[PDB]
Amino acid sequence: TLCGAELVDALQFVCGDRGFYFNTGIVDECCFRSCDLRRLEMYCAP
Amino acid sequence: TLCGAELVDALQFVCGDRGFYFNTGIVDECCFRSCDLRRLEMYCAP
Amino acid sequence: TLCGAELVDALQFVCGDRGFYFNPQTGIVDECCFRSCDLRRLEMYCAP
Amino acid sequence: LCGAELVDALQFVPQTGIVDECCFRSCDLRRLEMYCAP
Amino acid sequence: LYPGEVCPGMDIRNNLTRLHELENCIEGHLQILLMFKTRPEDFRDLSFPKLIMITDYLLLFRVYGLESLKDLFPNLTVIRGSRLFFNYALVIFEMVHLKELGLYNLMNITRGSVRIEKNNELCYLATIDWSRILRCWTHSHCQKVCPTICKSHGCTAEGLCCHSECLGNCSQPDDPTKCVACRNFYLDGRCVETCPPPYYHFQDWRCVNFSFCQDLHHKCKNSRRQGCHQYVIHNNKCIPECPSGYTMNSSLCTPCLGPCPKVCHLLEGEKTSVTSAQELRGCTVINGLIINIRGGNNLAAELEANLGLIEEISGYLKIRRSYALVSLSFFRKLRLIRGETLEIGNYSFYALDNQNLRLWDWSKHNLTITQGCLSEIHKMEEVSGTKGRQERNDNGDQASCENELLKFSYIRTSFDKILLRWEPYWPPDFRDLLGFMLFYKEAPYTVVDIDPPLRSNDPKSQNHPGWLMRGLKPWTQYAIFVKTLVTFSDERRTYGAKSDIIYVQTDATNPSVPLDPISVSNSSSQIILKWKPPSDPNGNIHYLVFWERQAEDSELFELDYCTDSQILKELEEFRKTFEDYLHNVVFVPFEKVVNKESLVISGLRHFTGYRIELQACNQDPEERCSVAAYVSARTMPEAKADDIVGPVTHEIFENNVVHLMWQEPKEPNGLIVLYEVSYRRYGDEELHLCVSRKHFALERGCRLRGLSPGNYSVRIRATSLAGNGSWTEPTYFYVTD
Amino acid sequence: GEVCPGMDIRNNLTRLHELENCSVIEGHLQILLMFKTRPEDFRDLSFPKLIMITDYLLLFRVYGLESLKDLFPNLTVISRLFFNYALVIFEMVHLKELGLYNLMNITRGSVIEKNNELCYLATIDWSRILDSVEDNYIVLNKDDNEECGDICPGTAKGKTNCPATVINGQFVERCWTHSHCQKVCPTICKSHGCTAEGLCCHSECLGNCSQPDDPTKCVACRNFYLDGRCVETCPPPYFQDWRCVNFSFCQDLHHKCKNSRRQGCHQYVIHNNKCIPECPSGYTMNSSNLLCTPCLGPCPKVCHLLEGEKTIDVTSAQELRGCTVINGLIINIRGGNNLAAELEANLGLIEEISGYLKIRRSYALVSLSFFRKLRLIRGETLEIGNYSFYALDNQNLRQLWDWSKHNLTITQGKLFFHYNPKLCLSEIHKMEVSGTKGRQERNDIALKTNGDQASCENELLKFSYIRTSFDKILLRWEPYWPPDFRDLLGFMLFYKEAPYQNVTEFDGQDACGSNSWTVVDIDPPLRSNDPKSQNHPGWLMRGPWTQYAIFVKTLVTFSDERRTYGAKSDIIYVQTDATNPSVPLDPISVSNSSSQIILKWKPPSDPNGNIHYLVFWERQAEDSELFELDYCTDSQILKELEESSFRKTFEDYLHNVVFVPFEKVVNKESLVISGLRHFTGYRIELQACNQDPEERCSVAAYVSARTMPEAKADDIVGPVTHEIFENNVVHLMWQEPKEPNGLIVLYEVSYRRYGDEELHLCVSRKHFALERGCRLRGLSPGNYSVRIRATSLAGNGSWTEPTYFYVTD
């Protein structure tokens, strides 16, 4: 599982120049339970 | 209604020179519930 | 020399409403059983 | 031998670049590893 | 004034391409997120000088490169915070490059707080104070702490305070139009107090005529896919939504004929942020509630303004891990939980691990339940009524407990100890008494366990049980009561007895020294001594001050300068089962200042030291005055003390000898130490000589020898501790060849 | 005498007269409720016949009596106990002394409560009369508050007429009633001193005796006693203990209750050479010679309790003892004392419990496995809620039945685990082999309150690196990140100096801050994204040859839906390397002859561990001036965990809002050094050298010794040569001693004229050298006899032969 300050790095590994998409909780799917690649890449801007 | 040694302090007053009867006990009888003179007479030697 | 009960009774009589603080035998009971006592010490043996 | 043992621990894990840190904060072994790694 | 244009709030993440939208403009917040793939260079050619006022909060997170927000927001003034970010109106986080703030024009935070943390580059945290906002900003800026004489209005460079309706700052003081920020509200060209009727209130800061919200209403009516809000007029206020009890005719909030409570069917049916209490503020029917307020911060009071309007919750209430709670009284207007949903184990009410919950004062409360200290549990069991319909399966200090009103045969309180005596409530079998427990704590607005006294028969003297409470402030009032402990019986009800809570204020003692005294010499004959009302005096309360003259130093007159033990104890007491079981077998000058903290001591010399004693006194026949504090002060010296009157006398002798005599000052600055004699030949330079007190006394003046022939002029100056006196009149003489 | 079956006595005194004729009680002896009778009624009655109590002796609220000296002057030794104590003397009003001087041994049981006038209570050393004083506890009484003038016999006269013993660090004289004294002292000839008169007692005979070697002279017996003397085991022909009785003795004992119907006496039988009250499990009786035998009728020993529940607060167990089955149990023992060795001694024979087990407020014991062969709880009777097992307020439990081998079965009922503060939840999940996981209902556990001070940590850390080369030790271990890397809030390093490998989790703790354990807190280390390198957290000791022990704990804040359990590391022993020695502890060298110096020293305890000693000797030069002088808190833990949870929640909140020349001797500390001059000083250097490849000495201690001189070595041999001149000048020359004691300093010359007195002169070394002898001037004419004696630093020599010289008139 990735929790906390991993995520800011973790999400960048899946987001990059694309930025991050906007307009339960994320830590739930990341910290509480194992988070795969798909949920990480979904948060980035399409 | 008595306590401890006081229980026998008046019980001998209940008994006197009559002696003591020999040969849910008294804990259930003279410790939680009120103990009155009539029932303390039973423990005294008839 | 005075016993513990008599010493406590005397100090209570002197104090009045201050009550009693028994003093653990190294306190007032030891000194009374060995030497004399006065009214200028009981301020430390009073009931707090 | 106090300072001796001090230097010992240091090397295993003394100027103003670390004396100020040791005075300002408490003792740490990560301290003695990060100021010896470079 | 407001020299700019409004803009609804936004968040920007991608790069430094969209932030340029803020050159010209907020109705909300500015978020600068996820600014990770840029460098200090992109930020360094950007600025926003127009921003003067933002409403709710300001957030910058995951921004790499920017060294400081200096020149980002060079003119922004105040945040109100109609909305807040988790109790906070300002958050900047994970700034690997931000080094200093640069928000120097910041003045006020109306509501909420500020959260800045976890920046391995940010500094200057200790040089900023949050007391003024809800010392400096940078190496280039400093905090503009306006004086309290300006209150919250603001101050100018000369120190003049801003207008009353001005808030924080003002483009021109005492001008509601020229206000940088309005104190309460804003009209088109003038800050105003309370929105003259036509311009109803808008987000507690603006005065807007019908057009603003009306437009907003039309936007919402034409919007079928955006969550905008239909603002309505009522109570001279344009509001996002009318409160409970008022309805819409769609033609102003009008009172409803029938009862129309305001329901709140929140999503997911289950909700755990003062932000959340901010949405559900004004609800009456929560159509779906938790308390997990952590931290220990006193917040329910503000939540009292949010939950003081709720009536019925359509789901279970759980008070879980509520480490910060103090009460449940803030459900002032809640009436009856709706039997719509419960919890596991059917705990429609679920209390768990609270930490400061000192419940409702049910002497007046009539809250009802539909589904779902023990004292209060029994209070709920009978008064609230969790009995009968439900079966059984329904540890700490204080915890108001139950029993049966008792009393106290004797109370005594003089300084710090309280003697308490009472009638021994012997239970129907007074062996049931495990021991009395005396309860007592501080009551500005503690147990002891007493073994049962050795009961003696007859109604004669028994030496009734009692105790001495050992802790009081010599003026604070305290609450004390006793509740017993009777052993439970199989077929005999025995709760025991409790005493009614009694309030006791111990008598005052001698006060203590006042706090922070200064002895500033406000004049050559006056010294203002100031202090503060101390908290240590432990009693009621004038202040008594003496001042004494102090002589000068003698050396100056002659110097020449020219955890288990508790359970072991409670379990050992053999004294309760050995005997019991074997029973089954045996029987088969001075001044006083009142309500003020300043005193102008007068009758003082110009350059004489004063040692001042000060203390407090809680009464005026025998003084119980506080401890004495001694300070030292010196009044302002006067130059006229060291002056010398008249010319200087001299005698001439043929052998280049000049005798000089002058008058000593009568009342110098304490004491004169020496004199300076300056002489200059006609057309030549100057020469100086020092004559000490010993030198003057021995020589009866001053002797000048070796003087060259010709004309000479001489002057005399006297030297004192404070300084030097005025120069004497020049004297001319001649030296023969 | 006769073996009178046990009896009870009350307010009247006439019944006491039945004890005159019997020497042994076949049961228990009680004297109580002696309310309105006076001391004159008791002082005239004595019972020296009684020798034996088999069950229990008790006196309670007897008014008028003063002591048991006259009552039982020969009660020698006390099977079915009263509560925990053989002599239970409770709530005495006029009694003052114990008086059971003959009562010598109670191997099973102990002995005073609320007797406001009974003194001489703690003066008896109970370690020998009773097996374990752990059951004995003196409480509120007269002697509870020290107000007794405990004057033992002979102490007034200053004679040690009675033995004195040491306990709790104090060695004082002991006595029973200030006229007699102890009956328990030597055991195996430990303290004794005088006992009866002046001699110790051997092992087989217990306290007090007139002669050790002779068992007959030993009044007491430790293990067994033949009829006449003690025996190491009871001979074939010839008791319940301490004694031997012939086969018919037990036959007579059995026949006594065979023909007499008394409720309280006991069919004494024989088994295993013993006169045991009852046969063991699987043994029955068929009359004959009354020897217990087995049979093909195997039946368990069943206790049939009248009270229903033998509420266990040690005789409860003892009445239950011997029973392989109990037909009815609750345990409420307190005090914190480990009586459990007794309990298994009694309950270990229990193999079945018809009723249920309840364990409430228990504080004394530490482990539950003392029900060694329980194997079954029938639970015919159960507690409210139908609990076959009940555990509550259990403030000292640490370990339940170790289900590794145990195979308990529960016939019916449930279990109850509530307020188990020091109980491991792993143990609770371990009981679910018992077959109690399924059945009808499930009400067994109170979750939160089980494991409050103690716990059950599951994860162990593989400790990696340790360095103890000096008086300091570095510790490096594996770094562990929980599923949430925040959830580990640090590491709780625990360590304490462990002399022996008997260390457990707690090892006691003091509430006054005097905790045995040493605790430090290590903040979690920084981490990197790549798992290739992790900066392993470490620590270092604050100050070696003793043994040291380390075990690591974590610190994790619990969460409702998180499986967080923390981490642990086992206890591990490490010791340092060699250190410098200390100086030989205060040596001294004294010259033991004219040519020898004996040196002695001590082993310095400053270094502790493996120990040679080096001894340097060096001459000291003589003084120069002698050659020239002329001689003639949880309150903050709750906080910290709350703010830690708050920090994690705030961060995840912000994410959810942002996302999407010497001699040496070994071990011996004395030496003799020879080959020394008679009157010189030798300085000796001591080096204690705790290492022998390069031997590591310490700093040195400097001593010295000067050998004893020999005065006769200063004697001058032969007469004194003399010359005479005509000017009344007489010159004398002699011989310098070859080996003077240090240095000769002067000579004494004595001369006397014929028929006249004597005269003396001193010639210093400077005077002797300057004059090359000694010249006397102005001597009167006549004959003179002269002798010369030498003198050195050590002393004086001997006179030379007389010399006669004449001066012409």
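Here chain B follows Swiss-Prot for its numbers: 52-74, 89-111, in order, are the residues you see.
When the header is checked for method, it gives electron microscopy, 5.0 Å.
Every residue gets a Cβ built from N, Cα and C, even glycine.
Listed in Swiss-Prot for this protein:
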| type | residues | note |
| --- | --- | --- |
| DISULFID | B:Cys54-B:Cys96 | disulfide bond |
| DISULFID | B:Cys66-B:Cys109 | disulfide bond |
| REGION | B:90-110 | region 'A' |
| DISULFID | B:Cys95-B:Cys100 | disulfide bond |
Open item on the list: Spatially, and counting Cα to Cα, which of the disulfide-bonded residues is closest to B:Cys109 (disulfide bond)? Options: B:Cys54, B:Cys95, B:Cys96.
Closed with: B:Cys95
Open item on the list: What are the sequence-distant neighbours of B:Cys100 (disulfide bond), meaning same chain, six or more residues apart, C-beta distance under 8 angstroms?
Closed with: B:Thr52, B:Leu53, B:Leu58, B:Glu94
- [ ] List the helix, strand and coil residue totals of the region 'A' (B:90-110) as derived from DSSP.
- [x] 11 helix, 1 strand, 9 coil
- [ ] Would you mind reading off the Cα separation of B:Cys96 (disulfide bond) from B:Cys66 (disulfide bond), to the nearest angstrom?
- [x] 19
TODO: Among all chains shown, work out which of the disulfide-bonded residues B:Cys54, B:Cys66 has the most CB atoms within 10 A of its CB.
DONE: B:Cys66
TODO: Look at the disulfide-bonded residues B:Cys95, B:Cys96, B:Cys109 and tell me which residue has the greatest number of other C-beta atoms within 10 angstroms of its C-beta.
DONE: B:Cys95
Open item on the list: Rounded to a whole angstrom, what is the C-alpha distance between B:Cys95 (disulfide bond) and B:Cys54 (disulfide bond)?
Closed with: 8
Task: Interval bridged by 14 absent residues [Cα of B:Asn74 to Cα of B:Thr89, Å] - done: 18
Task: Between B:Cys54 (disulfide bond) and B:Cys66 (disulfide bond): CA-CA distance (Å) - done: 17
Task: Mapped DSSP class for B:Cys66 (disulfide bond), helix or strand or coil - done: helix
- [ ] Reduce the DSSP letter at B:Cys54 (disulfide bond) to three states and note it down.
- [x] coil
